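Every chain is numbered from 1, with letters handed out A, B, ... down the list of sequences. For the numbers below, each heavy atom of this structure counts, side chains included, while hydrogens, waters and symmetry mates do not.
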Amino acid sequence: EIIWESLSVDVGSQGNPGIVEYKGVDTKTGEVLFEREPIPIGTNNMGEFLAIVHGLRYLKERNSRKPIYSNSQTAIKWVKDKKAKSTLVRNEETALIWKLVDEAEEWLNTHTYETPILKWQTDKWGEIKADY
DNA sequence: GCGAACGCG
DNA sequence: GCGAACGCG
Ligand SMILES: CCOCCOCCOCCO
C-alpha cells in the first residue's frame, strides 16, 4: 500500500486532444510542487508523459529517492520504454507538444534515474492526489 | 478520445 | 500465431 513520501503527477486537458497541463504534488501534503503552463494542443497521454519525465527531472535535481505515482498504464510504459508512441498528427498546431515530447524522450535516453515509477491504484485508493 | 491490454487462416 | 475487435480525463 501507499508510500506517502512520494511525488504524484497527473495530467489535465480541456478537450482530448486540446489544451493540456500537468502538475506534481506531494502525495501526503497535497503541496503543489510544479505545474506546467498550458500547452495549446496535446493529448492526455502526451501530457502524462511530460508530467512523469518532469517529475523524474525534478527529483533527480534534488537527489530524491522518493517514488513517483502515476495512474497512467500508457505513460508509465512509454517512460519505461523510453519511447512515446502517440498517434497525434504532426502539423503546425501540434509542433509545440511534439517538440516537448521528443526532448523528454531525448532526456530519458541520455540520462539515468533512481526513481521508482509506481501505479497509483485507484480502485483501492481513490483519485490520485494530483488530479484536477 | 487517447493508447494499452475473439475469430481467422 | 496474428490481427481485428480498460483506465482515465
Ligand atoms: C526553477 C525551479 O527548479 C525546478 C526544477 O525542475 C526542472 C524541470 O526541468 C524541465 C523538465 O522537463
What is the distance from [atom1] of [X] to [atom2] of [N], rounded to the nearest Å?
X	N	atom1	atom2	result
A/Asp123	C/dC6	CG	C1'	12 Å
A/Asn44	C/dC6	CG	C1'	13 Å
A/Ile76	C/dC8	CD1	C1'	12 Å
A/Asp10	B/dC2	CG	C1'	14 Å
A/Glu48	C/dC6	CD	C1'	16 Å
A/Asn45	C/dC6	CG	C1'	12 Å
A/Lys119	C/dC6	NZ	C1'	9 Å
A/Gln73	C/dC6	CD	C1'	10 Å

Study note, to complete from the structure: Across all chains, not counting sequence neighbours, the side chain to side chain donor-acceptor pair (under 3.5 Å) partners of A/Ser8 are A/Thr27
Review point. What pairs with A/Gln14 under side chain to side chain donor-acceptor pair (under 3.5 Å), at least two apart in sequence or on another chain?
Key: A/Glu21
**Study point:** Heavy-atom side-chain proximity of A/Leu88 to A/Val101 below 4.5 angstrom
**Key:** no
Check your understanding: Does A/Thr115 reach the main-chain N or O of A/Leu56 with its side chain, forming a donor-acceptor pair under 3.5 Å?
Key -> no
